[PDB]
Amino acid sequence: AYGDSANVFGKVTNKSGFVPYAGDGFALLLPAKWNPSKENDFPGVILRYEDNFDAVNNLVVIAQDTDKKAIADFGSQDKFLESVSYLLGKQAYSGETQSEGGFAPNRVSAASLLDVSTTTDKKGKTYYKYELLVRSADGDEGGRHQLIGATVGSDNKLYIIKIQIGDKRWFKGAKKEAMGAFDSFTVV
Amino acid sequence: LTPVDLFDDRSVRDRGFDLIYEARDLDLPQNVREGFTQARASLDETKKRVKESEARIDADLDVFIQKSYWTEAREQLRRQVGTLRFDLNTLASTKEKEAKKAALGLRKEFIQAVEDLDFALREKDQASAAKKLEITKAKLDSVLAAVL
Amino acid sequence: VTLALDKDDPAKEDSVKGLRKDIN
Amino acid sequence: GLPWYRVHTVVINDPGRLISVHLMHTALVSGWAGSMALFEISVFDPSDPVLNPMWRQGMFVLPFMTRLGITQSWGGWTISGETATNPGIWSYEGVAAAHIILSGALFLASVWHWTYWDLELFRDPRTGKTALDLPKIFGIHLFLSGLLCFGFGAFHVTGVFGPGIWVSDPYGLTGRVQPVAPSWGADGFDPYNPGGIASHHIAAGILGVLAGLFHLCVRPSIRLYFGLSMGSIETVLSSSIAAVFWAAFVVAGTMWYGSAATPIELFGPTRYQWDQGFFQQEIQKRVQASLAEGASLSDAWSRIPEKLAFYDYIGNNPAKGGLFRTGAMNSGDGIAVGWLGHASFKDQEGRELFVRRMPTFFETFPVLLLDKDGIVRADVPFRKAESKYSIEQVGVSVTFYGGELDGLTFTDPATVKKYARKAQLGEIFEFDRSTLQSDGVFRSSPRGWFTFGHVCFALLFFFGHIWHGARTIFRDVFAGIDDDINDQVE
Amino acid sequence: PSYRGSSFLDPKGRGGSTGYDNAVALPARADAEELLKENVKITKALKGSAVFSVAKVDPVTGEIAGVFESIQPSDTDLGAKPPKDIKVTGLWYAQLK
Amino acid sequence: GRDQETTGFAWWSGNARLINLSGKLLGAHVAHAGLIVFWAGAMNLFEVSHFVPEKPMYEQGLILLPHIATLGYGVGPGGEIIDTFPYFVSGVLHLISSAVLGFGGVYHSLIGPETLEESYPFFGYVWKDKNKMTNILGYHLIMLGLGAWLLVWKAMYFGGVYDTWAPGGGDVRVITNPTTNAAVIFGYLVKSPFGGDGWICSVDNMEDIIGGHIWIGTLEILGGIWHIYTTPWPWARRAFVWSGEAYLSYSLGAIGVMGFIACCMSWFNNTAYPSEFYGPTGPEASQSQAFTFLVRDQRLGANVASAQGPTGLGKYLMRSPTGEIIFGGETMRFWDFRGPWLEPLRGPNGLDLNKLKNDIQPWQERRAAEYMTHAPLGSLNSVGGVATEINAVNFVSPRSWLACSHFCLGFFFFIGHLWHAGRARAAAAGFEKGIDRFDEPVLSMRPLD
Ligand code: CLA
Ligand code: CLA
Ligand code: CLA
Ligand code: CLA
Ligand code: CLA
Ligand code: CLA
Ligand code: CLA
Ligand SMILES: CC1=C(/C=C/C(C)=C/C=C/C(C)=C/C=C/C=C(C)/C=C/C=C(C)/C=C/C2=C(C)CCCC2(C)C)C(C)(C)CCC1
Ligand SMILES: [Cl-]
């Protein structure tokens, strides 16, 4: 029981709302109110934090070993997302339906790509950053916002970040936590 | 078991999508959130909508009056016209101080013509609303010959 | 492949095998 | 006159009618014991003692006869699963008749003591009024109590003259009535030792005789005569009601927690055996005993007894029941017919999967399939619109080992979800919902029903201790307080 | 179309797209002979036929009206009851511009 | 001061000592009227000092500034606040007048005469004098009548008031044509209070509000002159209790209804309580959500008319139980909502989806998205969501404070009615101290009642 004084009348140590993280080969600023989840959704998960309030709001990094050195070697950004389309999940309902509203027939979920970019960092490597809104037939959370970013590191390993935020929480302030984590993602 | 499907919607944010997301984050000022800063900062976007507002008045409002469509003429005067009061202050706040009183004086009587046209459209008086509209278009051209 | 300890951990986790000697 | 709740206090003044009114209660209790044992024998199904035993069938007082040696019947059948060549007189039906014959004998004795209430024994000498010498009366009955206690312990339990008690293995497989030896070390206070039961009733029987000889001879103190109100027949009632809820918390406590006096072959497993993985660990201890010596999977899972896999099942947990889910445990999920195998789950990456079992709290519980290291890999999702752990995509197949489905594999995503939802309930079994027209939702064992009565009785008898202790200390002010009682303030 | 959507949930909480897919409150007979109303919630769309008859023309305004007659299926309760045929008659109206 | 045994009232009911003390009772009211003006001065300047212009008026916890904004002092088009100095003058003129009211309230409570009956016969009153009570009742109706003409003069002549239904967006509008039609003005009063009527909480334009205050101004000037020159008729002698606690209880039941009315007025109405200043109503924020996701999903390629919900009613547009095309969802209950951002999209046959697929204006989706994140749900410590929400924002709507405070105040003053009307009817009858014990009236009744 080491005796350190209580912080009476003292200055705070963290009002940023972000915690700096350093895994293996990457570094990012996690949302400070999020906590580690013991879930492996995908093959290649290193860390996966989720929100304390609801488990829909979460992020995950994925480190796949690859044979290619640049992210342009995976093709263009449109041809890249169709390869890594497993990030958005799979429709486990192979039932036939035409009564869900705002969807194609037999589709109970429809991802919609809203933004792409080709931003880089001070090392020179370009990233493929994505912004989706995945709606469902029940329409939980008012939809789900996806923030996918991917790059290949200096060890031929594909690092993919995916920040998922429910749309209900998105306009209520989880855009600041997600975009601040999404811009902070740098693979060294 | 099938994967989810994508859709090319990367141009909806270019048109109109990220507009209700700007009106819901409580870090922006409300003049940024209500669309008030963006109207004051870009003069041509007000100059676009004011010429659009007279296109809804000089051509689109008389048609509902001879066919006596009142609730489509009450709200013709409020839907896209519903920014014209805020717009005619921004276009009049770019002038000289003796030109602004000439601008805001003409702008004040065009308000008194629309609010008299609204009351004419409220008691369904077609002989008055067709007469109050010609007064309204004359006071409209007097403001728009002053602020632009 | 699997020990009897880490077969009763993912199935019950309240197991008397899994709870005692769990300082490791 | 009297109220309705005060009618039985006509007996508080005369001891002859107190004999007659305890005799009528004793005739009704043993009259229930024989009548309930006749009802349970008339509905008991002794066909399968391995997979439809007595606690599975709603038998409540039949595990109490079988606990103290009565294993045979006048229908040929036994409990261990063989034919009785000589049932003797102490069958189940002989004891069910011995309580009814005693019920009528105690009935006639109560009619005698009701008419011949005015016995000279009840009037003390040289005052002539009805009086009872409650310190010596206690010394008589404590002497008889320790004499029966020592008799039950040295002769009945120890098998010197009587038959013995039920003793089984730790895992409820090999259980008989055999004599025990008393254990006089520290081991006799382990309540899962049956030798401590015999060593109890010898030591507590001898001390109860020696204490009985004390209270026969040594009259009480005068200061302790008034302070405990010894001259009233109700200060013995309050202290006896205090004795019998203390006992009923201990009795229902050891029934619920399990003891050597509550075997699981008679009363069923406990809820702490499902929670702590008691049978699951042993089932895995015997598979790994066979895979290490060199054997196949399907040849190792066949070596597990079908009775051991039935203890590892949530429907035989006594805390998976309901207060008004009435009847046998077979009325809930059906009569168990055969063990249907051991469901082993593998996905398309060749990795084993383990269903997270339903905890005892959960009425419903989502099915999860975890890996070796404890990470969820597959589930039956609630939302199937964009899933990432569905059985369909992960590719979960299920293979059985042993049982009725031995060496059979199911890869159909509808079939696998059916057996994944049965594997959270424990080992997989085949029932019949047509023999008893079963509801579909579980019941509690007699281990749970006995505990429910004997804590509700032990709690209502706390209030009766409070009421009758108050009526002795405040006997003088029962009908009201005095008129000049205003001296108790300043 | 199906009268309820695929994400409709019955009183026991199961449905087509969302839901349990079994009777969870009956854990011993969770999946059984009752797979008609728990295992598949059928959301297949049926077809109906309608007969329109133009009765009046106002060509100076481009307005036409008439009488319609349709026959369509009712509802299948997500595939739990046979749908019944319903004959709907009445009027209609449009504007040709 | 005064004690118990000279009055029969303890310390906890000691304002009942000055029932028959006319001058002390006058200083009791004038000092209390100082407090209402003092609070209105102090809480105004508290809200001017804590006003931040780069935040909405309803987000800042302001309940008095929206009342001065509704009069149109210092507001621009669209509810934009031009200057805050008109709100500052209203705070000081109450804070200075409170010292004047505080002085004469302290004066008549300490130095002024105890009963002003024999020295000042114009102000003196006995509670049983039915002429003098109607005389004082007539004086104050003329004050309420001339107070109601202040709102009419300020709307017709002195700059106008804020009209949220104005063409071109809401701003300050001189109400040149107030509605003096008795069939329209007295049609609100006999309207049912239920859904689609809302008694007088549905008054939908400012011309009925200002024209209705012409009626309430003239009738109170005329009804004041009526009570100065009349006494209550013999049927009114027959029905009322004529004590001072009775006259209090009459006022307590009248004002406890008025607390319930202003509870439902501020919760439902958005004309006299404009949403630019008070925030969206309960119905307004729930209708704003369905409008927000209807515009969100038209742009994401979906026919919101043909879109079927999971129940089969229609996810975005359904039909009202009287046949109007309304918004779908659980907000079918608020289909009779009208709003100045929503009514431009609404034709005769409910909402017009031709007008709603092509002519959604960018200012309407600005404003309706603001109203969705400022729904009048919060918490007691001002969190600002549903009860299942984390501490992110700091918001409870003023409508949520105005309705909840005035239901509680309206409920207790109905209890104060039941207290004092029971007591004054019993104290005039003589048995408010208890049963006489000599002639107990139950003992002179026939048993087996
Ligand atoms: C001597 C005659 C006799 C015999 C041999 C039996 C034998 C039997 N009875 Mg029956 N019975 C009898 C008389 C008899 N009974 C009478 C007179 C009654 C009416 C009161 C009953 C009522 C009865 C019922 C209601 C039941 C039985 C049952 C049973 C069976 C198991 C007994 C058991 O587990 O009890 C366990 C006994 C105890 C745990 C004893 C509790 C005594 C406590 C621990 C002592 C506390 C007080 C003590 C004085 C403390 C001081 C100790 C020391 C200091 C001296 C067994 C076949 C059961 C059965 O299966 O029948 C169908 C059953 O349910 N009996
Ligand atoms: C401590 C006493 C005790 C205990 C633990 C048991 C335990 C058991 N008995 Mg036995 N039984 C007993 C005394 C006891 N019995 C007595 C005294 C009788 C004679 C009436 C019987 C007669 C009897 C029969 C005939 C049967 C059982 C059965 C059962 C089993 C199922 C339990 C059940 O359904 O509970 C039901 C529990 C409840 C309904 C909860 C009771 C809560 C309170 C008491 C309700 C009262 C509230 C209210 C005032 C009642 C008014 C409602 C009105 C509509 C009736 C279980 C092993 C059954 C079995 O499986 O046999 C094979 C069976 O068929 N018992
Ligand atoms: C060994 C247990 C025992 C014994 C011998 C007594 C004996 C007595 N009690 Mg006490 N009592 C007890 C336990 C006991 N009580 C408990 C556990 C409680 C808590 C509930 C009470 C609470 C209590 C009160 C509050 C009062 C008594 C009174 C009395 C006296 C009259 C009883 C009477 O006329 O009932 C008459 C009863 C009836 C006519 C019908 C009762 C029917 C109920 C619903 C039970 C149904 C019977 C059921 C079939 C049997 C199952 C019982 C179960 C334990 C097996 C008598 C001296 C009274 C007293 O002291 O008088 C001065 C009195 O006022 N008792
Ligand atoms: C709005 C609240 C209010 C008001 C206006 C009054 C007013 C009055 N009460 Mg009541 N009273 C109240 C609340 C109130 N009371 C409450 C809450 C209780 C319960 C605790 C009581 C209990 C009570 C009792 C028991 C009695 C009264 C009595 C009186 C009267 C005589 C006062 C007196 O002699 O005090 C003298 C006290 C002082 C001089 C102390 C100093 C207080 C001064 C007035 C404070 C002024 C401060 C202010 C800032 C000055 C500004 C000046 C201006 C120039 C700016 C007076 C009219 C008495 C009565 O009935 O008379 C017949 C009486 O016996 N009151
Ligand atoms: C009745 C009208 C009314 C209304 C609608 C409001 C509404 C509001 N006020 Mg205003 N206020 C009022 C009266 C009112 N107040 C009064 C009378 C005062 C003078 C004290 C103030 C002084 C005031 C200040 C100084 C401030 C506000 C603020 C606020 C805002 C938040 C309030 C809050 O968090 O409360 C929290 C909820 C409560 C305190 C619950 C109140 C319950 C009371 C205490 C009764 C409890 C029952 C209890 C048992 C009885 C006690 C007596 C008993 C012990 C004998 C909100 C807009 C704040 C704001 O937003 O400023 C911009 C702010 O700073 N108000
Ligand atoms: C602060 C306001 C106020 C107060 C307290 C009084 C008090 C009084 N007035 Mg005066 N009066 C007032 C304002 C007021 N008046 C105004 C403003 C006018 C002008 C319109 C009048 C005109 C007036 C006349 C002409 C008369 C009175 C009379 C009376 C006396 C008896 C009233 C009565 O029992 O009504 C009881 C009311 C009823 C029996 C009517 C039935 C009420 C039910 C609820 C139906 C109401 C329907 C109505 C259209 C309202 C619908 C909406 C409602 C549900 C909210 C009493 C002294 C009488 C008297 O003796 O004076 C000399 C009398 O003859 N008053
Ligand atoms: C304008 C309204 C009004 C007026 C003028 C009066 C006037 C009077 N009342 Mg009445 N009364 C009213 C409203 C009113 N009352 C209401 C609304 C209620 C219901 C709650 C009552 C209940 C009531 C009772 C029960 C009694 C009186 C009594 C009295 C007399 C003396 C009161 C006194 O000295 O208080 C002294 C003041 C106090 C002791 C302090 C009380 C403070 C309480 C705890 C509230 C604290 C304020 C707190 C912030 C509010 C929280 C609630 C909020 C959430 C809404 C006097 C004739 C008494 C009397 O003699 O009858 C004739 C009496 O016994 N009144
Ligand atoms: C005469 C005689 C005889 C006969 C006898 C008999 C026949 C008997 C019977 C008896 C009986 C037959 C008895 C019975 C009893 C029963 C009882 C006693 C019961 C009771 C019940 C109860 C007590 C219940 C309770 C309860 C309730 C109410 C409900 C639930 C819960 C409880 C449990 C609490 C002979 C011939 C042999 C010979 C000799 C003589
Ligand atoms: Cl909804």
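Residue numbering restarts at 1 for every chain, and letters A, B, ... go by the order of the sequence lines. Atoms within a ligand are numbered from 1 in the order they appear, just like the ligands themselves.
- Side-chain contact between D:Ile79 and D:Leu62 is present, with heavy atoms from C-beta onward closer than 4.5 Å.
- At a distance under 4.0 Å, a protein heavy atom can be found next to atom 62 (C) of ligand 1.
- With hydrogens and angles disregarded, a donor-acceptor distance shorter than 3.5 Å links the side chain of F:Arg17 to the backbone of F:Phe9.
- Those atoms of ligand 1 with a heavy atom of D:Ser145 less than 4.0 angstrom away are 49 (C), 55 (C).
- Residues F:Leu351 and F:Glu324 fail the side-chain proximity criterion, which asks for heavy atoms closer than 4.5 Å.
- Taking every heavy atom of D:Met65 and a limit of under 4.0 angstrom, the matching atoms of ligand 1 come to 60 (O).
- Atom 37 (C) of ligand 4 is not flagged as protein-proximal [any protein heavy atom, distance under 4.0 Å].
- Short contacts between ligand 4 and F:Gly1, defined as distances under 4.0 Å to a heavy atom of the residue, involve ligand atoms 34 (O).
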Query raised in the report: Yes or no on side-chain contact (heavy atoms from CB on, under 4.5 Å) for F:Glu389 and A:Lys172, after CA distance, side-chain angles and deciding distance?
Result: CA-CA 10 Å; F:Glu389 184 70 28; A:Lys172 288 186 181 294; 3.9 Å; yes
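- Within 4.0 Å of atom 46 (C) of ligand 1, not a single protein heavy atom is present.
- Ring geometry, D:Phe155 versus D:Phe150: the interplanar angle exceeds 60°, so the pair is classed perpendicular (tilted spans 30 to 60°).
- Between D:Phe462 and D:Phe245, the ring planes are perpendicular. Angles over 60° get that label, and only those under 30° would be called parallel.
- Interface atoms of ligand 1 facing D:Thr26, defined by a heavy-atom separation under 4.0 Å, are 17 (C), 19 (C), 20 (C).
- Atoms of ligand 4 found under 4.0 Å from any heavy atom of F:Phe103 (numbered from 1 in listed order, with element): 53 (C), 54 (C).
- Judged as a ring pair (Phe, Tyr, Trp, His ring centres under 6.0 Å), and not counting sequence neighbours, E:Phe8 has no contacts.
- Under the 3.5 Å distance criterion, the side-chain polar atoms of D:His156 are left unmatched by any main-chain donor or acceptor of D:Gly69.
- Ligand 1 has no atom lying under 4.0 Å from any heavy atom of D:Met36.
- Remark: D:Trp77 pairs with D:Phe44, D:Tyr92 by the ring pair (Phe, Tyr, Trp, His ring centres under 6.0 Å) rule, at least two apart or across chains.
- For atom 32 (C) of ligand 1, the nearest protein heavy atom is under 4.0 Å away.
- Per-atom contact check: atom 2 (C) of ligand 4 does not touch the protein, criterion being a heavy-atom distance below 4.0 Å.
- Checked by distance only, ligand 4 and F:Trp11 stay at 3.5 Å or farther apart across all their nitrogen or oxygen atoms.
- For ligand 4, the atoms closer than 4.0 angstrom to any heavy atom of F:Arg2 are 62 (C), 64 (O).
- Closest to atom 35 (O) of ligand 4 among all protein heavy atoms lies F:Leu110 CD2, 4.0 Å.
- Neither the backbone nor the side chain of D:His141 has a heavy atom within less than 4.0 Å of ligand 1.
- The pair F:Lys315-F:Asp297 does not count as a salt bridge, with every side-chain nitrogen at least 4.0 angstrom from each carboxylate oxygen.
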Query raised in the report: Should F:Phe293 and A:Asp167 be marked as a side-chain contact (heavy atoms from CB on, under 4.5 Å) after you check the CA-CA gap, both sets of side-chain angles, and the distance that decides it?
Result: CA-CA 11 Å; F:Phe293 290 97; A:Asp167 182 75; 3.7 Å; yes
Query raised in the report: Would F:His420 and F:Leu252 count as a side-chain contact (heavy atoms from CB on, under 4.5 Å) if you check the C-alpha gap in whole Å, the side-chain angles of each, and the deciding distance to 0.1 Å?
Result: CA-CA 8 Å; F:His420 291 287; F:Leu252 284 171; 3.5 Å; yes
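- For the pair F:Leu25 and F:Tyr125, the minimum side-chain heavy-atom distance is below 4.5 Å.
- Looking only at distances, a side-chain donor or acceptor of D:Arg447 sits under 3.5 Å from a matching main-chain atom of D:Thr262.
- At least one side-chain heavy atom of D:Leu68 sits less than 4.5 Å from a side-chain heavy atom of D:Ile165.
- At least one protein heavy atom sits closer than 4.0 Å to atom 17 (C) of ligand 1.
- The presence of a protein heavy atom under 4.0 Å from atom 42 (C) of ligand 4 is ruled out.
- Per-atom contact check: atom 25 (C) of ligand 4 touches the protein, criterion being a heavy-atom distance below 4.0 Å.
- Distances below 4.0 Å separate heavy atoms of D:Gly208 from the following atoms of ligand 1: 54 (C), 55 (C).
- Side-chain N or O atoms of D:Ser145 include one that pairs as donor or acceptor with a backbone N or O of D:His141 at under 3.5 Å.
- Of the candidates D:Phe64, D:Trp90, D:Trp32, D:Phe64 brings a heavy atom nearest to atom 30 (C) of ligand 1.
- Under the 3.5 Å distance criterion, the side-chain polar atoms of D:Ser110 are matched with a main-chain donor or acceptor of D:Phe107.
- With hydrogens and angles disregarded, no donor-acceptor distance shorter than 3.5 Å links the side chain of D:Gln72 to the backbone of D:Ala84.
- Scanning all protein heavy atoms for the shortest distance to atom 51 (C) of ligand 4 gives F:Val106 CG2, 4.3 Å.
- Judged purely by atom type and a 3.5 angstrom limit, D:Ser240 uses its side chain to pair as donor or acceptor with the backbone of D:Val236.
- Note that atom 49 (C) of ligand 4 has no protein non-hydrogen atoms nearby, at separations under 4.0 angstrom.
- Distances below 4.0 Å separate heavy atoms of D:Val29 from the following atoms of ligand 1: 19 (C), 20 (C), 22 (C), 25 (C).
- Within the protein, the N, O or S atoms lying under 2.8 Å from atom 10 (Mg) of ligand 1 are D:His99 NE2.
- Under 4.0 angstrom from ligand 1, the non-hydrogen atoms of D:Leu68 all belong to its side chain.
- For the pair D:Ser238 (side chain) and D:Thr235 (backbone), a donor-acceptor distance under 3.5 Å is absent.
- Listed by number with element, the atoms of ligand 1 under 4.0 angstrom from any heavy atom of D:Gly146 are 55 (C).
- Looking at D:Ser73, its side chain does come within 3.5 Å of a backbone N or O of D:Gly75 through a donor-acceptor pair.
- Of the heavy atoms in F:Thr7, none comes closer than 4.0 Å to ligand 4.
- Under the 3.5 Å distance criterion, the side-chain polar atoms of D:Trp55 are left unmatched by any main-chain donor or acceptor of D:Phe60.
- Protein heavy atoms come within 4.0 Å of atom 55 (C) of ligand 1.
- Residue contacts with ligand 4 for F:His32 involve side-chain atoms from C-beta outward but no N, CA, C or O (heavy atoms, distance under 4.0 Å).
- Between D:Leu134 and D:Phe138 there is no side-chain heavy-atom pair separated by less than 4.5 Å.
- In this structure, atom 59 (C) of ligand 4 has a protein heavy-atom contact shorter than 4.0 Å.
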Query raised in the report: Which is it for F:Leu356 and F:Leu317 under the side-chain contact (heavy atoms from CB on, under 4.5 Å) test, yes or no, and what are the steps along the way?
Result: CA-CA 11 Å; F:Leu356 176 141; F:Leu317 298 174; 4.1 Å; yes
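- In this structure, D:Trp449 and D:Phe452 have perpendicular ring planes: the angle between them is above 60°, well past the 30° mark.
- Checking only distances, D:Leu106 never comes within under 3.5 Å of ligand 1, N or O to N or O.
- Residue D:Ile70 touches ligand 1 through its side chain alone, judged by heavy-atom distances below 4.0 Å.
- The tally of protein N/O/S atoms under 2.8 Å from atom 10 (Mg) of ligand 4 stands at 1.
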